[PDB]
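The structure appears below as C-alpha cells.
Numbers and lists here come from the model and the stated rules, or from a named source; these are not laboratory values. Cβ sites come from the backbone with ideal geometry, for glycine too, and all protein chains shown count toward neighbours.
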There are 4 protein chains.
Amino acid sequence: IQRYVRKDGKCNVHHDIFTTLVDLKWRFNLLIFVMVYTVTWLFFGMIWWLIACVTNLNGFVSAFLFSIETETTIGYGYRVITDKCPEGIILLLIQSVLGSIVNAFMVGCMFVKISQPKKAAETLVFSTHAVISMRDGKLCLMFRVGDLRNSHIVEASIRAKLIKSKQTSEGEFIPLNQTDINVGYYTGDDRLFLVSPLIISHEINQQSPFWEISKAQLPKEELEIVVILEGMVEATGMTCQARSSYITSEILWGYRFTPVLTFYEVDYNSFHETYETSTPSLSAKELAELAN
Amino acid sequence: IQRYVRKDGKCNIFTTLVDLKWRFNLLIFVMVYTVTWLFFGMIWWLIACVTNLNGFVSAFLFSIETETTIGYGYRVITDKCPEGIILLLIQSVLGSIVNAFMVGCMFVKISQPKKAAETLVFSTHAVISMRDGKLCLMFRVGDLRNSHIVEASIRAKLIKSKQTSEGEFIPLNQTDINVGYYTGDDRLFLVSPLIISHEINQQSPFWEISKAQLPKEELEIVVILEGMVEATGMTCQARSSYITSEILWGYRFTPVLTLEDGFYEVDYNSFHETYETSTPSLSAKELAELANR
Amino acid sequence: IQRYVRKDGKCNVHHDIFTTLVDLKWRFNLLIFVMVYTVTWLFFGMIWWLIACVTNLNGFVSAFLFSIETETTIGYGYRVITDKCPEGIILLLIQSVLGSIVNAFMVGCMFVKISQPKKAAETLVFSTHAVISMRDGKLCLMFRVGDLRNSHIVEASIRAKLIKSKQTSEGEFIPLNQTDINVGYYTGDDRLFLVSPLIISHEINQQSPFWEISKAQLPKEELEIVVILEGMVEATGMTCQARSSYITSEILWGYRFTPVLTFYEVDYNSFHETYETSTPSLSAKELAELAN
Amino acid sequence: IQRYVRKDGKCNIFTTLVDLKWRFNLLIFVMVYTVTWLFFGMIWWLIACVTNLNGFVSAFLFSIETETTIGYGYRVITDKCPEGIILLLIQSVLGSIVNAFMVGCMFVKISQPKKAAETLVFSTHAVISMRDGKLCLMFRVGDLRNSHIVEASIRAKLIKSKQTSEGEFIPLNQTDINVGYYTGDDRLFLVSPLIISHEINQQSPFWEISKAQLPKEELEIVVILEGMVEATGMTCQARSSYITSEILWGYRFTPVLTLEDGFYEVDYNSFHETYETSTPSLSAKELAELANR
Ligand SMILES: [K+]
Ligand SMILES: [K+]
Ligand SMILES: [K+]
Ligand SMILES: [K+]
C-alpha cells in the first residue's frame, strides 16, 4: 500500500481546449497554431479556386497567397478583387468574419498559455518532515511552508486534509476517508502572510485526529496528511495552488523545526531540517487528563 | 409542478449574445458586420477622395477593405475632399468597437464557469442511510478531469414548502443543508469521487422524515460546486438537483476505489451505482428518541 | 436628519480610467476613442512632415492619410516607404509598436465598458417595506428579494447592515455606527438561490439589535437597515451588487408578506405588498421571558 | 530591522514584465519587435518570391510590413520559390504569439488589484483606547472613490516574536487579529471612512500589553482589504502596516462626518487625525482583573 498524494503534488490515482493547450510544450503548442491557420488558409484558398473577382492568380499556390493576404488583411494589390461575380464578394465577408473568430480563439489560447500561473507555484516549498512536539502546554503537529522567491506570493491560505481508511459502526468501508485538520481556520490564522517561511501549527486537541495517538502508536498508524496551500501572486491577482503530503513515517515525534531566520537574512538550507528536544511521548489526550 | 434545476445543472444586449448558441452567435455577427459595411459603403457613395469606384458594389469592397484594414490599393484615398478623410477615421474607430464586442463575446462565451466544470459530475441519485450511528443523506461528486479545482467547495439547499405555527405558509422555503460548512469539510479536495454527507441532525430539514413519508414528500435538493480552474484565472461551477424520487432510502454508494499496481483505479461505471442495506424505517428524530431512552 | 442609503442604492454622503469610462454615456464614450486616435494620428502625421522615405505626399492632409494607413496597417501603396532616410524607417517601428499599445488600451476599455455587469443589477428588486411579525414561536424582521428576469442571476448572497448613531460608555460619538444583522450567515442560509422572489428573514434574538424594541418603541427609533445583495449572473460568471434601505418608518409591525407564488406563475404585482395578522406588540426580549 | 509592508502597502518571464515600470515595459517591447523583424528580415535575405528588394534595408521594410500586416504592394510576394510562401506563414503565426504577449502584458499590468484600490486609504496611525468597557485597538479605512467595492473585507495580522513554555522561540510569529471575523462585521460596507475595531480580549495578542510596555515592544500589524471593483470583473486590494510607533496609546480618531444640507460631508483632512483621551495605563488583561474583583 503506497501513498495517495506525492511530496511534489501528483496523485497516485487513475481514472476546454485551453486547458489542453496549457499542458502542452511550446514544441507542440506553436504547432497547433500553425496548423489551425494553414488549414483555414487551405480551406479558404480552395474556395477561391472553386470560385474560378480574382486578379493575377495562376495556379494553386496563387490562390493561397491571396487567401492569406485576405484573412491576415495584408492585401498587396497584386491580387485584388473585381465585381464580375457575386460569389467572391460575399466569400470575403464570411472569411473576414471567420478569420476574426479563428484569430480571437488562437490569441485567447496564446494568452491563456502564457498567463498560466503554474510557474509561480514552483517556488512554493513545503518542509520535508512534519513534527509533533510540545508548544505552550499543548502537543502540536507542525510543518513548515514558504516561498523560495521573496518578491511575489506573500498572501496565501493553508488547509490540511487527513486521509485514512475508515469503517463505520454499520460496517461501510471508506477507502480514502478525508477529514479536515485545523491549521487555523476558526481564527483566521490559516490566512497566511509569507514574509518568510512560516511554521504551520495544528493544535492536537479533542477534535484532532491525532488526539489519542502517542509516540508508540504513531508509526503503527496508516495515515496521510494532505497539505493544500494556495496563494495569490504579488504582481498579478492570479492565484495558484501547491500541494505536498506527509505519510505516517514522515512525521517525527519529539522534534522541532530548525529556525531559518537570522537586516533579515533567510537561510534556505535549514528549511527542511529538524531537531528533537525533550518532548512527552504521550497522546495529547492522556497529557490533558493528567494536566487536570 | 416541475423541478428548477435539471440533472445537467441548467435551470428551468451583451448577455443576450453570450447566452445564444454558437450557430446563431456567428450568424448574428455576420449580419452585424454586413450592416456596418452596408451603412459605411452607403456613406462613401454619399461622398460621391475615392479611386476606381464604379457602382454600388465598388463602394462595398472599399468599405470592407477599409474597416477590415485590408486596402488593396486598387481603391485608394485622395485629398480633394474634406469629408472622406474624416469618415475613414469615424469608420476605423467604430470598426474597433464592433470588433471588441465580438472578441468580448468570444472570451466570455468560452470562459463561462458551466463550460469549465463540465468534467465534474454528480451522482444520479441521493441516498439516505446510517453512518456511525447518525442518519445521513449522501450524494457523490467526482472529477473525471486530472486538472484539479482550486478552492473546490460544496453546498446544498432544500426547496420544500412549509408552514409556521402562526399560520404563515412559505410556498418555496429554502433552508441550507449542511454538507460540512461548520468544520471546513465542505471545502473539497476532489480527486477521487467523494461521497458528501449531510448528517441528519436536529438542524436538518430531514430530521422528522421517515421511510413511508419520503415518497409522499415534495421537495428539491439543489447541489452546487464552485472552485477555480487550476490553469485559467476563471471560475468553474457544477450544479445538479435531486428531486424526492432520486433520493433513495436505505441505500449506499458502491465503492469506486481499487488498488492496482502502485496506483489506484477509479471505476466510473460504479460512480452512480447504489446498493441497499439494512437501515431503520424511522426518522432521524425518532431514532434519537429510541436511543435516548 | 435624512437617510444614508436611498431605496435604489445611492449614498447621501459627500466627499483606473476604465472605471471613469464605464460611467460615461456612449455619446461621451465614442468621443474619447475618436479623439485618442486622432491625437495619435495628428502627432505621428506631424512627425512624417518633420521627416520631410515618403511617396506621393503633397500637403498636411497627405501625411495624415499615411500616418493612419500606417498605424491602422492599411497601406494602400499609393504612399509607400523608401530607403533614402534613416529616420523614417525607425519612426514606423515606434509608431507600429505604440499603435499597438494605444489600440490595446482602447479595446481593453471598449470591452470593459460593454462587459460591465451594471445592467444585470437593475432587474434585482427589493421589497418596499420590511415587516416584523411572528414566525415559528419567534419574532422575525422580514423583507423580500428576487430578480425580475427569470433566466439569469439565481445564485446570490444576502447581507444586512444596521446603521445607527452610537455613544460609548466613555462618551465617544459614532455617527453612522453599523452592526451586521444576521440574515442567515452562520447557517449558510444567506447564500440565496433565487428561483423565485424569497423572503429574507432575520430572527430577532438576544444578538439582534431589535431584541428590546417593541411595536411602541419602533417608530420612536432612529435606525436604518442597509441591505446588500450580490449575485452571479447566469450567462456570465460576472457578479454584481444591489442595494436598498429600510428606515424606521419603512418597517411595518404586525405585518406579513403577500405570497407571490401560484406550472409555476410568479405574480410580480404583489411583490412589495404586505398584510397584517394578529402579531404580539412586545419586544422579542419580553416575549422570550414570558415564554420561559 | 525594518518593516515588511510600507504605509503605501508595497512590500520590503511574464510576471517579470508586468512587475516592471511602464517606461521599461515599452522599451523591452520595442526591442522584442525589432529582434523579430531583424530575425525574419534576415530570413528573407537568406531566401534571396520577393519584389523590389535591393539591400538589407529593403528586406526589413518587408519583414515589418508582413508581420504588422501592412503590405504596401511595392514589395509583394511571387510564386517561383517554395521557401518564401511558407516562411510568411511561420512569420504571421509567430507574429500573433508576440502580439498576445504584449496585450497579455497590457491587460495584466493595468488590471492588477493594487492599481484598483489606489483610492482606498488607511489612516496613518493605529490607536489604543477604551470602547464600551473593552480596550480596543482601532485604525481607520476609507474610500475616496464613489465607485464602491463588492465584498469589501478587512483582516489584520500581528508579526511579533514569541517564546513557548517549552523553550521554543518563534522568530516571526503571526497571529491573526480579530477585526470582526466571527460576527461578519469584518465584511465592510465601505462608504464613509470606517473605524475598524479590534476588541483586545483574552484571545488578542495585545491582552497583556500596557502603556509603558507599548513603546518597548517590537511588532508589526499588517492591514489588508480585499473587495471587487463594482465596474470591472477584477479584484482590488489595499495593504498598509502599523509598526509599534504608529500605534498611539490612549488616543481616538477625530470624527469625519457632518450634516450639510440634505447630505453628509466627509472631511478627509480629519481622516488621519487623532485626539488623546483619558484612558487606563494598564493592559486589557489587568483591567479585566480589576473589574473582576
Ligand atoms: K492590415
Ligand atoms: K493591409
Ligand atoms: K496594398
Ligand atoms: K495593403
| query | Hey, D:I77 hits all of (1) touching a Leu at 6+ places or on another chain (Cβ under 9 Å); (2) assigned to a helix (DSSP H, G or I); (3) β-branched (V, I, T) but one; which does it fall short on? | reply | (2)
| Is there a residue being more than 22 Å from D:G84 (Cα to Cα) and within 16 Å of ligand 1 (Cβ to nearest atom) anywhere in region A:73-82? | yes
| query | Right, A:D83: among the charged types (D, E, K, R) and touching a helix residue (DSSP H, G or I) at 6+ places or on another chain (Cβ under 6 Å) or not? | reply | yes
| Quick one: which of C:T38, C:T55 is more than 16 Å from ligand 1 (Cβ to nearest atom) and within 11 Å of chain D (Cβ to nearest Cβ)? | C:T55
| From D:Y33, D:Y74, residue being within 16 Å of ligand 2 (Cβ to nearest atom), within 25 Å of B:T68 (Cβ to Cβ) and either away from chain C (no Cβ under 11 Å) or crowded, with 19+ Cβ neighbours inside 10 Å (or both) | D:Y74
| With C:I90, C:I94 as the choices, which residue is more than 16 Å from ligand 1 (Cβ to nearest atom), more than 28 Å from the chain's Cα centre (by Cα), assigned to a helix (DSSP H, G or I) and exposed (fewer than 14 other Cβ atoms within 10 Å of the Cβ)? | C:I90
| Any hit, region B:176-191, residues being part of a strand (DSSP E or B) and among the polar types (S, T, N, Q) | no
| said: over 30 Å from D:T66 (Cβ atoms) and touching a strand residue (DSSP E or B) at 6+ places or on another chain (Cβ under 9 Å): is that true of B:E83 in this structure? | reply: no
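This table checks each residue for (1) touching a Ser or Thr at 6+ places or on another chain (Cβ under 7 Å); (2) hydroxyl-bearing (S, T, Y); (3) more than 14 Å from chain D (Cβ to nearest Cβ).
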| residue | (1), (2), (3) |
| --- | --- |
| C:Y78 | no, yes, no |
| C:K118 | no, no, no |
| C:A121 | no, no, no |
| C:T128 | no, yes, yes |
| C:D136 | yes, no, yes |
| C:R159 | no, no, no |
| note | Taking region C:1-29 and the residues there that are among the hydrophobic types (A, V, I, L, M, F, W, C) and surrounded by fewer than 16 Cβ atoms within 10 Å (Cβ to Cβ), the one that is farthest from the other protein chains (Cβ to nearest Cβ) would be C:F28
| task | Any chance you could count how many residues in region C:141-171 are acidic (D, E) and crowded, with 18+ Cβ neighbours inside 10 Å? | result | 2
| remark: Checked region D:1-30 for anything aromatic (F, W, Y) and surrounded by fewer than 16 Cβ atoms within 10 Å (Cβ to Cβ); matches are D:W22, D:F24
| note | Taking region B:260-287 and keeping only residues that are among the aromatic types (F, W, Y), under 28 Å from the mean Cα position of the chain (by Cα) and either crowded, with 16+ Cβ neighbours inside 10 Å or within 18 Å of B:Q202 (Cα to Cα) (or both), one is left with B:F271
| remark: From the option list D:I154, D:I85, single residue qualifying as under 29 Å from D:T34 (Cβ atoms), more than 12 Å from chain C (Cβ to nearest Cβ), crowded, with 17+ Cβ neighbours inside 10 Å and away from ligand 2 (no atom under 16 Å from the Cβ) is D:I85
| Looking only at residues in region D:218-239 that are among the acidic types (D, E) and either over 20 Å from C:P117 (Cβ atoms) or not in a strand (DSSP E or B) (or both), which one is nearest to the other protein chains (Cβ to nearest Cβ)? | D:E230
| query | So C:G75 fits all but one of (1) buried (at least 21 other Cβ atoms within 10 Å of the Cβ); (2) assigned to a helix (DSSP H, G or I); what number is the exception? | reply | (2)
| task | Could you tell me whether B:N99 is under 30 Å from C:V154 (Cβ atoms), polar (S, T, N, Q) and in a helix (DSSP H, G or I)? | result | no
| query | Among the residues of region C:163-184 satisfying the criterion of being in a loop (DSSP other than H, G, I, E, B) and more than 7 Å from chain D (Cβ to nearest Cβ), which is farthest from D:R187 (Cα to Cα)? | reply | C:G171
| Restricting attention to region C:91-116, which residues are within 9 Å of chain D (Cβ to nearest Cβ), of a type in the set (A, V, I, L, M, F, W, C) and away from ligand 3 (no atom under 16 Å from the Cβ)? | C:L93, C:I94, C:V97, C:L98, C:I101, C:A104, C:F105, C:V107, C:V112
| Condition met for A:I74 (among the β-branched types (V, I, T), within 14 Å of chain B (Cβ to nearest Cβ), within 16 Å of ligand 3 (Cβ to nearest atom) and over 28 Å from the mean Cα position of the chain (by Cα)) | yes
| field | Meets criteria (assigned to a loop (DSSP other than H, G, I, E, B), away from ligand 4 (no atom under 16 Å from the Cβ), in contact with a helix residue (DSSP H, G or I) (Cβ under 9 Å, 6 or more places away or on another chain) and not assigned by CATH to the domain that holds D:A238) for D:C49 | value | yes
| task | Out of the residues in region A:260-292 that are under 37 Å from the mean Cα position of the chain (by Cα) and of a type in the set (G, A, S), state the one that is farthest from D:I1 (Cα to Cα). | result | A:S283
| said: Quick check on D:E118: is it in the same structural domain as D:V191 (by CATH), of a type outside the set (S, T, N, Q) and surrounded by fewer than 19 Cβ atoms within 10 Å (Cβ to Cβ)? | reply: yes
| message | Residues that are within 14 Å of chain D (Cβ to nearest Cβ) and not hydroxyl-bearing (S, T, Y), at least 2 per element: which strands (runs of 3 or more DSSP E) completely within region A:243-292 meet that? | response | A:255-257
| Within region B:10-30, tally of residues that are more than 20 Å from the chain's Cα centre (by Cα) and at the interface with chain C (Cβ under 9 Å from one of its Cβ atoms) | 1
| task | Name the single residue, out of those in region B:88-110 being closer than 30 Å to B:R6 by Cβ and within 8 Å of chain A (Cβ to nearest Cβ), that is farthest from ligand 2 (Cβ to nearest atom). | result | B:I110
| task | Answer yes if at least one residue in region C:231-238 is away from chain B (no Cβ under 12 Å) and within 25 Å of the chain's Cα centre (by Cα), and no otherwise. | result | yes
